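Cβ sites come from the backbone with ideal geometry, for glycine too, and all protein chains shown count toward neighbours. None of the figures in this text is laboratory data; all of them are computed from the coordinates on show.
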Ligand code: HEC
Ligand code: HEC
Ligand code: HEC
Ligand SMILES: C[C@H](CCC(=O)O)[C@H]1CC[C@H]2[C@@H]3CC[C@@H]4C[C@H](O)CC[C@]4(C)[C@H]3C[C@H](O)[C@]12C
């Protein structure tokens, strides 16, 4: 399957899966979540534990606005 781009208005956000499969061997951090996670995602999650917060906790991954968002 292909990577996905989140169409944030301030700039597309790429999500590269291969880098996540390799760096986050705890696949249940994202997979096998109960129902609601597709509908639940949005800006609050992305700037929180959905994206940025995990990077902050794992001490690796982009944490600045222009590292995630790129037109
Ligand atoms: C959240 C940060 C995730 C982590 C950690 C892992 N995966 Fe994942 N996976 C996630 C997304 C949003 C998607 C779909 C979008 C995409 O970019 O592909 C996937 C997809 C998969 C698939 C399909 C990949 C493909 O067919 O090319 C598989 C089999 C899957 N993911 C496996 C998987 C494994 C085993 C993980 C841990 C080592 C892993 N993922 C972590 C989000 C995230
Ligand atoms: C932990 C459970 C994570 C979640 C949820 C998300 N990401 Fe992540 N990301 C994680 C790690 C530990 C890393 C390091 C990968 C590396 O080897 O450098 C990253 C990295 C990225 C990258 C940069 C990838 C690269 O090859 O340099 C990007 C662009 C990225 N992550 C984006 C991203 C977004 C948009 C997320 C939510 C949709 C997301 N990450 C979730 C750990 C975790
Ligand atoms: C990657 C880990 C991110 C970092 C660092 C920042 N943002 Fe972000 N933001 C991210 C995602 C995945 C999303 C899309 C959410 C979704 O609904 O899919 C966003 C969203 C925003 C938005 C809202 C855009 C819209 O609703 O169309 C804005 C205005 C935004 N982000 C701004 C922003 C700024 C200024 C940041 C630095 C302070 C920043 N983001 C960091 C992913 C990431
Ligand atoms: C559930 C995990 C981890 C965050 C958390 O614990 O909530 C998060 C991390 C990244 C999230 C995905 C980002 C890309 C997609 C954003 C869409 O708008 C909703 C579906 C997708 C496929 C999201 C589904 C789910 O919300 C995920 C896989």
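Results, tabulated for the structure shown:
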{"read-out": "Two-site label geometry, residue 54 and residue 18: point separation in nm, points 7 Å out along Cα→Cβ", "value": "1.8"}
{"read-out": "For the chain, alpha-carbon Rg over 2.2 N^0.38 Å", "value": "1.09"}
{"read-out": "Protection-proxy order for peptides 29-36, 57-64, each taking the mean of Cβ atoms within 10 Å per residue, highest first", "value": "57-64, 29-36"}
{"read-out": "The chain: relative contact order as a whole-number percent, Cα under 8 Å and 6+ apart", "value": "36"}
{"read-out": "Gain upon complete extension [residue 27, residue 3; 0.36 nm per residue less C-alpha separation]", "value": "7.0 nm"}
